[PDB]
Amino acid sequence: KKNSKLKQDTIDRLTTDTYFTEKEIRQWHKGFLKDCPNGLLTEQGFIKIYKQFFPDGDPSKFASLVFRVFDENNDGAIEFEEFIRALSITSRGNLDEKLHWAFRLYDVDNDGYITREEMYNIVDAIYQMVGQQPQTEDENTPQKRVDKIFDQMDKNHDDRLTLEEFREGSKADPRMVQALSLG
């Protein structure tokens, strides 16, 4: 296809932008096409991949949130180049890069701020995936513990987190990014 072949121009950009060698990129492409012969990974295809890893819960919500960050050009598919860029950051990136990636995940509406509600959303999604837990203390729910973490990161108390607040906030309390395995 136009999307099934790995073109040199794609490799050039990927070796410029990522932590992968040309050899690794070519190897990854073989694996990408095995899982995705069309060269394009759909949202539901992405969800199915997560269901293989968390058969107990429902990883649908979390996978959809992650999908949007992989799909950086917002055309509704993950192409190989997008897959590799995201893999590079999340598996080989430095702390600042990983934190920025996590910020993009939490900023669901891409308005440049994380709200409490956005943070609730991701946390809920994670619990749906790995297993929800009953709380008998209304003062000690996930939302309330998140509120405390949020409040501590929200340095000017405007009820929203900038990238700088989240990134610096997470270096002192890495729990929101460790929750994505990015700390």
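One-based numbering along the sequence shown. Just so we're on the same page, rigid core means the largest C-alpha set that superposes within 1.5 Å between forms.
- Two stretches, 19-27 and 165-173, are weighed by how far their CA atoms sit from the shown form in 5 other deposited structures of this protein after rigid core superposition; the farther one is 165-173.
- Residue-level annotation: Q135 lacks coordinates in a third or more of the other entries compared, counting only those that model residues on either side of it.
- In this entry, 46-54 has the higher mean Cα B-factor, the comparison being between 60-68 and 46-54.
- In this entry, 138-146 has the higher mean Cα B-factor, the comparison being between 33-41 and 138-146.
- The PDB entry assigns its highest CA temperature factor, among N121, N156, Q27, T115, to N156.
- Ranked by Cα temperature factor within the chain, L14 sits in the lowest third according to the deposited record.
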